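Heads up, the chain below is alone and in the form deposited in one PDB entry; it's given as structure tokens.
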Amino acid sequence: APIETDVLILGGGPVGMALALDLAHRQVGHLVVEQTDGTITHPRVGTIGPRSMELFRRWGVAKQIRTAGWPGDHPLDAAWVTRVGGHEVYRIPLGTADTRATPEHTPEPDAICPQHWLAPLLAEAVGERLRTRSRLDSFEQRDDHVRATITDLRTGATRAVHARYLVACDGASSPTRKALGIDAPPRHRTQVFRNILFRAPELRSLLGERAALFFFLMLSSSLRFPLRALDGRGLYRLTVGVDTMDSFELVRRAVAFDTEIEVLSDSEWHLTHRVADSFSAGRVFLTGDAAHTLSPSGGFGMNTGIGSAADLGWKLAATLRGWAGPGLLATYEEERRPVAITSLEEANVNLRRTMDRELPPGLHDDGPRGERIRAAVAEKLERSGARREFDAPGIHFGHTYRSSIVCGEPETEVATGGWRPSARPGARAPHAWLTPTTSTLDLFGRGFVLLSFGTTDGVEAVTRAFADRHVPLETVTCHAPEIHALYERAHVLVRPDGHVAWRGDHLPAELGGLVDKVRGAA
């Protein structure tokens, strides 16, 4: 008895679960298959970006993520040091969770949540629809659905699943991308690293006021990378480059204290810059790492994935419900790929900054002699814009879609200063508190939304144009002059994904035309 569902999600990692959460919130029947048993032994992701947090706010898991265990009094600072407990060279103070100032561009700042805490949270939200220890072996595309063979790794039995759509969130080495014959050429040189996970129970006490979330080491050529405090209560991770030495000894070399150290893992990995040439073929799609990979310098990886998952989510649901034009699905690649590429190049800039930084001779000496060399280095660090690696609002919220379903404005793209909120066509509708408890972002996520800051003339006609096409629409009349200034126009049409599709002080004459354009039937 072949099981059938609307969407088959290949991958139980961060990105596949987010996609499951989005389909769930859109009444789309779905099923997730994860080959592993779903537990985490070696945490990869630690920082949940703000944009991801906004989507989790909508899905109702943001709060549990923040109280998952990260200490509210632990420093979020990043610091360049010769060795942990050695000599400081440059620090970027970022407060603590309970201490930093409330952000103004968003309702959900970033959070610290190591993957072994995030997985249980996500599994519980996705619930019953997640199937662990299940591996997808192959898939055959038929006329109106995809047929896949799933091996139950528990009993050894194989079952078949017929779904209208097959979404592959199977990671960087996506077997699915290969079976379809799609190539994801490296845009930059591939590198190799080792990540050592360990427990150090008294390290925090010893560091006292010098405790940090990130310790960028400037010891040797292999040790010029971050040592991260994963859970703020004993767990740390040291990344080391490889162009042989014992695990424990590498950690001893990086940590200048005689304190208890317990090595747990020593995982080798490849940092790559690979984006797929195409994000789909037939009823089979690629999302997350299977579509785009980038250097972890900046922490953009999982966020760009969750972003693409949310994009595909509303477009899949629209085609399944019937109101989507035949050309809607193809905009997933049209819109997400360019974002993947630009985010990759920005991650590379951060990477090259520490790869090309030089480690002067007497950087380790004691006394004002070497202190002068450090002051020199710290100086160059400032000018190199190192802090851009730990403060990338533009990369988090500044991507603007320039596509066939977006009525873009003339204004081209040429950075002339730090990123600022914009309600321009293609961008993420900016945040503003309507009330102490409600954000403009809380109005988006379901169907199309039309914000009117002035006269509601024409709105009635907008409603009919959408109803005529069975396209879901919600009209909100807002007064707040502050929000009007931010959005700039009197009427703003926001897509189901929170991005602007059109804006103007006067609704257009051919509303049926606008409705057809924004739905992919242009």
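For the two forms, the rigid core is made up of the largest set of C-alpha atoms that agree within 1.5 Å on superposition. Residue numbers run from 1 along the displayed sequence.
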property: Other entries modelling both neighbours but not residue 411, at least a third; result: yes
property: Missing-residue flag, residue 356, threshold a third of other entries; result: yes
property: Interresidue gap class [residue 243, residue 244; deposited sequence, unmodelled]; result: 4 to 9
property: Which of 493 to 501 and 36 to 44 has higher mean CA B factor, as the PDB entry lists it; result: 36 to 44
property: Of 176 to 184 and 290 to 298, the one with larger mean CA B-factor; result: 176 to 184
property: Candidate set 447, 370, 313, 307 [ranked by C-alpha B-factor, highest]; result: 370
property: Largest Cα B-factor, entry values, listed residues 95, 103, 398, 114; result: 103
property: Residue 522 by Cα B-factor - lowest, middle or highest third of the modelled chain; result: highest
property: Relative C-alpha B-factor of residue 303, binned into the chain's lowest, middle or highest third; result: lowest
property: Residue 480 by Cα B-factor - lowest, middle or highest third of the modelled chain; result: highest
property: Record-listed C-alpha B factor of residue 469: chain third; result: highest
property: Lowest, middle or highest third - CA B-factor, residue 419; result: middle
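In what follows, reference is made to the form deposited in another entry, a form of this protein that is not presented.
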{"property": "Sole residue of 282, 72, 362, 327 shifting 2 angstroms or more in CA between the shown form and the other one, core aligned", "result": "362"}
{"property": "Rigid-core frame, C-alpha of residue 222, shift of 2 angstroms or more between the shown form and the other one", "result": "yes"}
{"property": "Cα displacement of residue 446 between the shown form and the other one reaching 2 Å, rigid core superposed", "result": "no"}
{"property": "Large Cα shift (2 Å or above) at residue 260 between the shown form and the other one, core-fitted", "result": "no"}
